[PDB]
Amino acid sequence: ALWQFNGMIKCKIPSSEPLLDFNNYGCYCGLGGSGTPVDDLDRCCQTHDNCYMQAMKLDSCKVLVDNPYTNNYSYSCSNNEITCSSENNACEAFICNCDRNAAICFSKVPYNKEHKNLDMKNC
Ligand SMILES: [Ca+2]
Ligand SMILES: [Cl-]
């Protein structure tokens, strides 16, 4: 769920408020996403979007009433490392992995302020 994804990004980027810093950035970071990613950070968000789309395709995710944004899973942050839990069932585990991979991706790419609150004409 979004609560967990927020904590994961803070795990990798302890100075950030991720639901502010990484929402409405580029063509992909935030609800929806279309067009060509504007930079590597925006590409991290495109990959994450694709990951959530694949999660919705899984037989195990079709059995729950809640989407990737509201589906709670278990993970830990320790020494700024993210670990998804073996106690997660299949859908939860898949979403946990999407989130972990994106949090790590965000931490490894430049942040370009010119792409924050991007005009949708660009997408
Ligand atoms: Ca998106
Ligand atoms: Cl990690």
Side-chain angles (χ1 to χ4, degrees):
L2 257 193
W3 178 264
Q4 282 103 48
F5 190 25
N6 186 58
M8 284 191 183
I9 302 158
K10 290 196 286 168
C11 190
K12 304 310 296 189
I13 315 178
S15 53
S16 176
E17 283 299 346
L19 304 175
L20 295 164
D21 296 323
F22 296 99
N23 185 38
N24 299 330
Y25 176 106
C27 288
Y28 284 89
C29 303
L31 238 303
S34 63
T36 305
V38 296
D39 62 11
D40 292 333
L41 178 53
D42 206 20
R43 190 163 291 276
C44 293
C45 293
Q46 180 188 57
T47 291
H48 186 253
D49 284 5
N50 289 344
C51 199
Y52 274 15
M53 287 171 58
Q54 181 76 19
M56 293 156 178
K57 277 168 161 123
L58 305 180
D59 294 321
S60 310
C61 284
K62 299 202 276 90
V63 175
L64 10 106
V65 76
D66 48 346
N67 54 236
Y69 315 94
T70 54
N71 188 2
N72 294 293
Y73 57 72
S74 287
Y75 80 102
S76 67
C77 177
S78 181
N79 289 338
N80 303 286
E81 294 190 306
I82 300 164
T83 301
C84 283
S85 181
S86 65
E87 292 291 304
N88 288 328
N89 295 330
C91 182
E92 293 95 329
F94 194 97
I95 295 163
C96 190
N97 193 252
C98 292
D99 286 0
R100 178 173 182 273
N101 283 356
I104 294 169
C105 194
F106 291 4
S107 77
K108 299 269 168 196
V109 296
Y111 187 101
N112 294 304
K113 274 178 96 165
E114 306 100 315
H115 293 146
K116 185 71 179 79
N117 301 319
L118 191 74
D119 196 306
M120 65 184 80
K121 74 174 194 237
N122 290 99
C123 307

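Whatever order the structure lists ligands and atoms in, that order sets their numbers, starting from 1. By convention here, the first residue in the shown sequence is residue 1.
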Quiz item: Is it true that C96 and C84 have SG atoms closer together than 2.5 Å?
Solution: yes

For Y28, the ring-ring contact (aromatic ring centres under 6.0 Å, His included) test, sequence neighbours excluded, returns none

(message) With no hydrogens and no angle check, just 3.5 Å: does a side-chain donor-acceptor pair link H115 and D39?
(response) yes

In short, ring pair (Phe, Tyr, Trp, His ring centres under 6.0 Å) pairs touching residues 52-105 with sequence neighbours left out are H48-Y52, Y52-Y69

Residues passing the side chain to side chain contact (heavy atoms under 4.5 Å, CB included) test with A1, sequence neighbours excluded, are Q4, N72

Looking only at heavy atoms, the pair that brings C11 and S78 closest together is SG-N, 4.4 Å

Under 3.0 Å from the Ca ion (ligand 1), the protein N, O or S atoms found are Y28 O, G30 O, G32 O, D49 OD1, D49 OD2

